[PDB]
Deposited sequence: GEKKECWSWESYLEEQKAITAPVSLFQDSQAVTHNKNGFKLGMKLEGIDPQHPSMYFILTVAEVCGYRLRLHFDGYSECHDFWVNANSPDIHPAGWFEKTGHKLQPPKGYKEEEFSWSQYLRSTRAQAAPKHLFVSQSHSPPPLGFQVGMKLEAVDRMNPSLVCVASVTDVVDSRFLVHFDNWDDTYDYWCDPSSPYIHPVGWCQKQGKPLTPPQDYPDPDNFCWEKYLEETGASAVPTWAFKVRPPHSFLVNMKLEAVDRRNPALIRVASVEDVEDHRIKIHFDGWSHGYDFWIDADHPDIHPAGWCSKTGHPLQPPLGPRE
């Protein structure tokens, strides 16, 4: 007989995390995924989130897509959901004042590229269709380095796309950049660290870095602070320990597995994959696009890995 959530919950005397605990985008199962193998589009580089590349659909599975960077190694391929805000139709860059990195080898033109590759651009209607109030390119703020999360750092808004904006760490590598929205718990107004008595990491190689002063720095750069009213942090999530859900595997991202909430924080949850070592457990933001309610895989046509049996 087929594995099912209902039988498993019975066997385990367990419960699922209710759909209400998830963002609409994590829960939605009734959208069609119309993307097809070989279709071309634009998207951010996950490793360099400020940069936009030409991407090809290399695989379709349920409501997910594997994307390939045209011209580059297969090593760089990555999976997104079809409702990702990180992908856009051909021509988006030109329409929105962004720069498009060319395919490896490449003067660029979408019409000639499509002819050369005998390919079709993913249609505009295959993509899911308001600016973040108070966040504009060039404004400054304080932000948690999510790669070094004990550090709150001098940061800037360097891009704005739809309802989100890009946080960049002043004079640090752009690999530390990340997109977020005005409710992120990782961002704060200029002056927050002083107010909390926490140390603030200044821009890389700032002269006399112990005497870093926001007033002086804003004078040096002519930049404004993001206004305090703009920051609208979200309430803690309501996931509880032992609730079950579905989560993308971190070792092999093609796979999605049966998962449990092992531990919680205000804004994160710790995932355990049922049946596997606790050594694989990992923390993830509660709004991460790769966690889903029970039944997401079944409703979207994606295989679900059942728990590893004893």
Write out the missing regions of the deposited sequence in sequence order, one range per stretch. 1-4, 111-113, 137-140, 322-323
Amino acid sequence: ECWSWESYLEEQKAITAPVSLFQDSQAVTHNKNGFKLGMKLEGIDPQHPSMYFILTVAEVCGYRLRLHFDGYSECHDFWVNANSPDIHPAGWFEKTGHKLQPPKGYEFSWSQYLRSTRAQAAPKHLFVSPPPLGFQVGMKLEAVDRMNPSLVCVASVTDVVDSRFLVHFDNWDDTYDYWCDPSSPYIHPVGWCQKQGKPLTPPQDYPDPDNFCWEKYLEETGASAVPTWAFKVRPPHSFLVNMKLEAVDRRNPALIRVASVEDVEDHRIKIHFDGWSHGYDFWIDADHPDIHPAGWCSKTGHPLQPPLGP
From here on, numbers count along this sequence of modelled residues.
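The term rigid core refers to the maximal set of C-alpha atoms that superpose within 1.5 Å between the two forms.
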Out of 135-143 and 92-100, which one drifts farther from the shown form in 8 other deposited structures of this protein in terms of CA positions, with the fit done on the rigid core? 92-100
Hey, after superposing on the core, which one moves around more in 8 other deposited structures of this protein, 120-128 or 227-235, CA-wise? 120-128
Comparing average C-alpha B factors as deposited, tell me which of 190-198 and 155-163 sits higher. 190-198
For 82-90 versus 113-121, entry-based mean Cα B-factors point to 113-121
Given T228, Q136, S224, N211, the residue at which the Cα B factor reaches its maximum: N211
Just the C-alpha B-factor column, please: which of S238, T175, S184, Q204 has the biggest number? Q204
Pull the Cα B-factor of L218 out of the PDB entry and bin it into the chain's lowest, middle or highest third. middle
Chain-relative C-alpha B factor for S50 (record values, thirds): the middle
Comparing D77 with the other modelled residues of its chain, is its CA B-factor in the lowest, middle or highest third? middle
Entry-reported C-alpha B-factor of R268 relative to its chain, by third, is lowest
Third of the chain, ranked by Cα B-factor, where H278 sits: lowest
